[PDB]
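Undergrad: enclosed are the sequence and the experimentally obtained structure.
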Amino acid sequence: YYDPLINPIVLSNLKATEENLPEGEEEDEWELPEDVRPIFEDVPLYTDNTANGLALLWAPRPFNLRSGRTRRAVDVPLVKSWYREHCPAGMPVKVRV
Amino acid sequence: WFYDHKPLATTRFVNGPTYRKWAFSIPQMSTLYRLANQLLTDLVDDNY
Amino acid sequence: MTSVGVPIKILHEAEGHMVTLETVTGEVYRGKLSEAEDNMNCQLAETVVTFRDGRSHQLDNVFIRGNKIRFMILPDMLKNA
Amino acid sequence: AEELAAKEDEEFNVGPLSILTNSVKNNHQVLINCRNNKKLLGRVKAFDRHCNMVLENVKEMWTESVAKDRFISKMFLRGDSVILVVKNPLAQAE
Amino acid sequence: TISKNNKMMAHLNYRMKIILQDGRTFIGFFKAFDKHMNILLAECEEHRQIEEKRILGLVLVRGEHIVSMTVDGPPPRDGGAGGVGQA
Amino acid sequence: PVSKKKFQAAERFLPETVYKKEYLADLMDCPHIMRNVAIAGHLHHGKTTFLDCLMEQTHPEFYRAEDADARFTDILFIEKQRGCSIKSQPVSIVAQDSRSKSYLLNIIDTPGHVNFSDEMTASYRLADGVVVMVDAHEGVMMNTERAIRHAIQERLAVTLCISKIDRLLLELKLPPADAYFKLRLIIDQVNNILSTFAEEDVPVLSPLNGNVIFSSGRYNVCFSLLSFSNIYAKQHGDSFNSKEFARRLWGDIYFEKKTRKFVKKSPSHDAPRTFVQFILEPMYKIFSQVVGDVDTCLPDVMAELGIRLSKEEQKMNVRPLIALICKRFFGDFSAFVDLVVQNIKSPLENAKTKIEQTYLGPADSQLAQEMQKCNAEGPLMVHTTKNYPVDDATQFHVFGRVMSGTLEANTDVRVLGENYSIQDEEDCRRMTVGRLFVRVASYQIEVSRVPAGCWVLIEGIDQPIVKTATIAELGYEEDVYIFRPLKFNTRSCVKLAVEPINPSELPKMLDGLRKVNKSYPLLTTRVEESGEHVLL
Amino acid sequence: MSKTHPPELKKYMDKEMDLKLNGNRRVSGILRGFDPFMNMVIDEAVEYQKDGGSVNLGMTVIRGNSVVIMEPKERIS
Amino acid sequence: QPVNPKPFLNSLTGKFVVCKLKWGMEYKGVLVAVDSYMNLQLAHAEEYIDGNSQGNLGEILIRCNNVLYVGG
Amino acid sequence: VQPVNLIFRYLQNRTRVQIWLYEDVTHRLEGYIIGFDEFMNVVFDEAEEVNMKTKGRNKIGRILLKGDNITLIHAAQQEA
Amino acid sequence: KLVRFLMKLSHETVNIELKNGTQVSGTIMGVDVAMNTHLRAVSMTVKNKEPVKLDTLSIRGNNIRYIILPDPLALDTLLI
Ligand SMILES: Nc1nc2c(ncn2[C@@H]2O[C@H](COP(=O)(O)OP(=O)(O)OP(=O)(O)O)[C@@H](O)[C@H]2O)c(=O)[nH]1
Ligand SMILES: [Mg+2]
């Protein structure tokens, strides 16, 4: 869906490029055969899982992975993301240090 | 299965009792991504 | 594209090289194969025609119909493609 | 593969090929004129849309001119050589 | 033999002698063919009765003109590996 | 003594390739069947990662990580670390077009940072055309417009690749209809640049004109309207002329299922265009399925596309699975080779244009008349624009384009610098050429001769070559002129003085300054009258 | 039974073409039409006789498989 | 007004025709049947060379490729 | 213009046309086309077999000339 | 179709008359759907030339004019 935080696709003063479409009576009659059909026509463009899948792609690791090796429980440092990034603005000197 | 000892270890989602690999679905991973959210960073990229 | 036999594929790689071809009437045309087709119609640029009596002419372009070609001599390097 | 090799035999009941149809089943000799300017006289025992035939007990004759001939016990003839097939008046139903 | 797809290659890379409908004899290493019986001959030469020889190169023969072809010569040519012990 | 001073990738062996090396070397004789191509664009608009796909297709053993860009042509270790291309690297490969005819493609990857646009100039001097990468998200940016304008000034054939199209699907999540407008506007922005050049007509870019392609290097996607039409043709038994379908797959054309005909006015309130319907929506569905439904859709993806995925390929992560699905469905980037072959001139066709622009000698000198024939049997002229350090940095190899004749290894040649003139002939040397190579970034295919039109990396002549040079035949009697210096796109404003900490080690610094001056085309090293040593 | 793709004669159209036909006839004129069989249409066609005579044919159709060699007198468009 | 080959030959079916072969012999006879590939079967057919009959052949089947033209 | 459209011009005009035969350099048929098919077979009317080496003219009242034998068809002129 | 009779023959000995007048005699080791025929232990008698002896021969099937079949052949069983 076109999120309203995405700016609209417009520029005020571009010339529209010349579309050299086929023209004339002999060419409007050109037909595609009856079996030719878009490569996933009956598949829906999105499912209820699609919005979630799009979210996982930008998730923190491991959540941008759907598969992988297991790790030891000791290897997984549950809090390490917290001190890698800058200390929150209000934390005491005790905590900032 | 969320609170088993070695969850899914016997199922198709992980290789077996040696517990060396896993392969989840998106309903699984997204439910887990939600439950982790209190621990996770909000950052979407390394530019920060 | 859809699969077509190796001789025709090699002919399309003979494009841009010099080739020589003999027509069913016997004339030998040497030239630069500017186009080929899957029916092996051939356009030769820069052509030299040799008649069976051994005379010759230059010709600026020739189109030879595919089912009128007896054989071609391709260039050597196409054995590596 | 073989489906269009079996479906073939419908048209031969009525088309120009009927002279071959009658030549087989009623066993009439046919004087198949061919390219090479040679005549084959024999009983067709099979044929097809392309006009192949298998010939039993064949007499081949041509001019070489002096007449020469050869006798061939059985033959397969590639139909592209067949110009003209004639139910031979010098033979009959058998 | 040839074109029986499990043995498509049955004479590939042999040196073969090709007779065309004009009576020419080509000779060369037969190393590709087509469903139209087109053939590609590497290192090809032509031969005529007197025997007169000429060198052509890599020749593509349109299948329409081929009478027949025959094996003229073999393909060109050049307890496995391992080991554990010492001696 | 074991000073592992490595500063660039180097390959111990030649990698395997799909083509035989001998076929590459033999194609060098035919300038009809080769193209010299720059790849240009803004920073990080997908240039190097696009060349990674062509490398992966032509080199069976080439490894792309599932989660990092290989960047084969970023051979310098600083380029590995900085994550951006800093110096242009050439890559020569044989690649088949949609006809399945092999062409020798000479491609310089170029840096997209504005600062290193001197490397873009040095690459445009070797190329006959340019492919410009324009990020489907960002669109036309500062160095995109600079790369287009500089190409037209240098009289290169401009062609367009709209890269990173997955960013529309996956990050922006634009509906397929709004994706078409985003792509269209990028094409409009580019043609707005070309139409500023009124004085020399530049052919209009549109996918209908066969000179735009769409791509995503991350996911092995690259297509044009014809390569999608050929996918339909292949998939539906070639029951239609794919050229006529391609000709209808862009613009305000709508397909009508009731009538099977194509109409230029919307048959309903929401009818998708032929591009939206036949190209974008299948691309979205290739993604959205594997993104949302990796655990269930994969048999349907395999059944539709006619693809095999093993048990362990079906357990792949979403990014590498979609990339693998696209690699097996779309196959090799014939759509790129079409763009190059049909829209970029051969070195033979571009010969006349290149000598007009780049050669100082009179255009009807016999030597200019010969170079315009791009004659491999003509007199030797070579223009080298770019110097690359050998793996121990003792010396440089010079990279360049043979313009006429054949450059031969272990022969003597007259090398002319940028100061040579018929009046002041002092800037002229006889050098013996060492080995010759076809550079392919991290590795080099050695050759004994390189004919006109090709690119070559040259051993042994680098000492007098400060930046660009002309290498000319010794035997040649008439007046040899040089090729003109590079006319850069920018200036060296930033002035930075240097000074050794030991004044007894000043000779070593001066040797360093000579070397970096060879490396960077637009770097100026002065000595000021004050005695300061200055880099600009 | 086969599938026929248009010849690439498109660049020859409206230039004066020589042709050599079966039987060594030579016909010359403005080529301005073809089909998948390369059935030509030659406009203003002129026959060139075996003796240097010449005959105006006018607008002409040529069945494609009789055409042997097809050869401009003038530069490709 | 068009008069296409199949309607034409159908209108000749069961009537006397002359058929000329590409190699110069001519067969005159009643055209008994034709098919969608234009083979010709004739009855009472007689072969003429240089305008002269050389006798009745009887029923004949002329294979499609041999025919130069056929007509009344 | 296309071949089939051009034959329609001869058919619609009933222009007398001269047909060149395949391989047979010695005879040409002059007549009026009255119909044709996709195989280039021509139902030909008032057909006269011109024998150019004698300029003789036999006459053959309406024939199906098989398209396999057609080399060329052009409008017949006022000369004979 | 009758080509599917010939390829039921294999290891049969035949005389093949090619359209060129070449008589080839030998043993069929296989014949295909185009009746391209592959013979082994072959003798080509090219027209007006002395018979050569050959080990193997592949004849492009359109060159076949006729095959004299072996006289004992059980035609009744193969034409089914
Ligand atoms: N979404 C998406 N990102 C891509 C794609 N291709 C490359 N990237 C990313 O874009 C960034 C730049 O890719 P590069 O290949 O380094 O682009 P580049 O233009 O060569 O960079 P410079 O040459 O230094 O200007 C990297 O983070 C890549 O992961 C793509 O196809 N889709
Ligand atoms: Mg880069």
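TA: Structure received. Residues are numbered from 1 along each chain as shown, chains lettered A, B, ... in the order given. Ligands and ions are numbered 1, 2, ... in the order given.
Undergrad: every contact and neighbour count from this point should use C-alpha atoms.
TA: Will do.
Undergrad: SS state for residue F:341?
TA: Three-state assignment for residue F:341 (DSSP: H, G, I helix; E, B strand; the rest coil): helix.
Undergrad: residues in contact with it?
TA: By C-alpha atoms under 8 Å, 6 or more residues apart in numbering or on different chains, the contact set of residue F:341 is residue F:35.
Undergrad: so stretch B:19-30, near chain A or not?
TA: Yes - residues of stretch B:19-30 contacting chain A under C-alpha under 8 Å from any C-alpha of the partner chain: B:19-27, B:29-30.
Undergrad: please, a ChimeraX command that selects the buried ones among those?
TA: Typed into ChimeraX, the line below selects the buried ones among the residues of stretch B:19-30 next to chain A, using 16 or more other C-alpha atoms under 10 Å in any protein chain shown:
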select /B:19,22,23,24,25,26,29,30
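Undergrad: among the residues of stretch B:19-30 next to chain A, which lie within strands?
TA: Residues of the residues of stretch B:19-30 next to chain A located in strands (DSSP state E): B:21-23.
Undergrad: out of these, which one sits closest to residue D:37?
TA: Nearest to residue D:37 among those: residue B:23, at 78.0 Å, using C-alpha to C-alpha.
Undergrad: now that closest one: closest residue in space that isn't a chain neighbour?
TA: Nearest residue to residue B:23 in three dimensions, chain neighbours excluded: residue A:67, at 4.2 Å (C-alpha to C-alpha, 6 or more residues apart in numbering or on different chains).
Undergrad: was I right about the one you found contacting residue F:316?
TA: Yes - assessed by C-alpha atoms under 8 Å, residue A:67 is found in contact with residue F:316 at 6.6 Å.
Undergrad: what is the burial count for the residue nearest to residue B:23?
TA: Per other C-alpha atoms under 10 Å in any protein chain shown, the neighbour tally for residue A:67 reads 20.
Undergrad: quick check: it vs chain D, distance?
TA: Distance, residue A:67 to chain D, by C-alpha to the nearest C-alpha, to the nearest Å: 46 Å.
Undergrad: centroid-nearest residue for chain H?
TA: Closest residue to the average C-alpha location of chain H: residue H:19 at 3.7 Å, with C-alpha atoms, centre = their mean.
Undergrad: quick one, phi psi at that residue?
TA: The phi and psi torsions at residue H:19 (degrees, to the nearest 10) take the values phi -120, psi 130.
Undergrad: that one touches residue H:26, doesn't it?
TA: Yes - taking C-alpha under 8 Å as the definition, residue H:19 is a contact partner of residue H:26 at 5.6 Å.
Undergrad: got a list of what the nearest residue in space to residue C:65 that is not next to it in sequence touches?
TA: Of all residues not flanking residue C:65 in the chain, residue C:41 sits nearest, at 4.8 Å (C-alpha to C-alpha, 6+ apart). Counting by C-alpha under 8 Å, 6+ apart, residue C:41 makes contact with C:63-67.
Undergrad: in helices, which of the residues you listed appear?
TA: Of the contacts of residue C:41, none are assigned to helices by DSSP state H.
Undergrad: how many other residues sit next to the residue nearest to residue F:495 when sequence neighbours are not counted?
TA: In this structure, residue F:495 finds its nearest non-sequential neighbour in residue F:536, 4.6 Å apart by C-alpha to C-alpha, 6+ apart. Residue F:536 is flanked by 14 other residues according to other C-alpha under 10 Å.
Undergrad: now residue A:46
TA: Counted with other C-alpha under 10 Å, residue A:46 comes out at 16.
Undergrad: touching, it and residue F:291? I think so.
TA: No - look at residue A:46 against residue F:291 with C-alpha under 8 Å: they stay out of range, at 9.7 Å.
Undergrad: reformat the ones in strands among the residues of stretch B:19-30 next to chain A as JSON lines; add distance to residue D:10.
TA: JSON lines is the format used below for these (distance: C-alpha to C-alpha, whole Å):
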{"residue": "B:21", "distance to residue D:10": "64"}
{"residue": "B:22", "distance to residue D:10": "63"}
{"residue": "B:23", "distance to residue D:10": "60"}
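Undergrad: nearest to chain G among those?
TA: residue B:23 (48.2 Å; C-alpha to the nearest C-alpha).
Undergrad: quick one: contacts for the residue nearest to the centre of chain H?
TA: Neighbouring residues of residue H:19 by C-alpha under 8 Å, 6+ apart: H:26-28, H:67-71.
Undergrad: kindly recompute the last result at 7 Å.
TA: H:26-28, H:67, H:69-71 (C-alpha atoms under 7 Å, 6 or more residues apart in numbering or on different chains).
Undergrad: hmm, back to that, separation between the residue nearest to residue B:23 and chain H?
TA: With C-alpha to the nearest C-alpha as the criterion, residue A:67 and chain H are 64 Å apart.
Undergrad: quick one: is the longest helix along chain A near ligand 1?
TA: Longest helix of chain A, by residue count under DSSP H: helix A:50-56. No - judged by C-alpha under 6 Å from any ligand atom, helix A:50-56 and ligand 1 are separated, with a smallest distance of 12.9 Å.
Undergrad: so in terms of bridging, what pairs with the nearest residue to residue D:42 once chain neighbours are set aside?
TA: Using C-alpha to C-alpha, 6+ apart and skipping the chain neighbours, the partner closest in space to residue D:42 is residue D:58 (4.5 Å). Note on residue D:58: beta-bridge partners by DSSP bridges are residue D:72.
Undergrad: residue D:45 is in contact with residue D:58, correct?
TA: No - assessed by C-alpha atoms under 7 Å, residue D:58 is found out of contact with residue D:45, at 11.7 Å.
Undergrad: quick check: the residue nearest to residue F:495 touching residue F:526?
TA: No - Residue F:536 lies out of contact with residue F:526 (C-alpha under 7 Å); the separation is 8.2 Å.
Undergrad: that older thread, overlap of the contact sets of residue A:46 and residue F:291?
TA: Shared contacts of residue A:46 and residue F:291 (C-alpha under 7 Å, 6+ apart): none.
Undergrad: isn't residue F:326 up against residue F:217?
TA: No - Residue F:326 is not in contact with residue F:217 according to C-alpha under 7 Å; the separation is 10.7 Å.
Undergrad: make sure I have this right: residue F:91 is in a strand.
TA: Yes - remark: residue F:91 belongs to a strand, assigned using three-state DSSP.
Undergrad: partner residues bridging it?
TA: When bridges are assigned using DSSP bridges, the partners listed for residue F:91 are residue F:107, residue F:440.
Undergrad: contacts for stretch I:19-38?
TA: With contact meaning C-alpha under 7 Å, 6+ apart, stretch I:19-38 is reached by G:22-23, G:66, H:2-5, I:10-11, I:14-18, I:42-53, I:69-74.
Undergrad: which of those fall in helices?
TA: Those of the contacts of stretch I:19-38 mapping onto helices are H:5, I:10-11, per DSSP H.
Undergrad: list just the nearest of those to residue G:34.
TA: Distance to residue G:34, by C-alpha to C-alpha, is smallest for residue I:10 among the ones in helices among the contacts of stretch I:19-38, at 17.3 Å.
Undergrad: next one: phi and psi at the residue in chain H that chain C sits nearest to?
TA: Nearest residue of chain H to chain C: residue H:65, at 18.9 Å (C-alpha to the nearest C-alpha). Note on residue H:65: its backbone torsions stand at phi -70, psi -20 [degrees, to the nearest 10].
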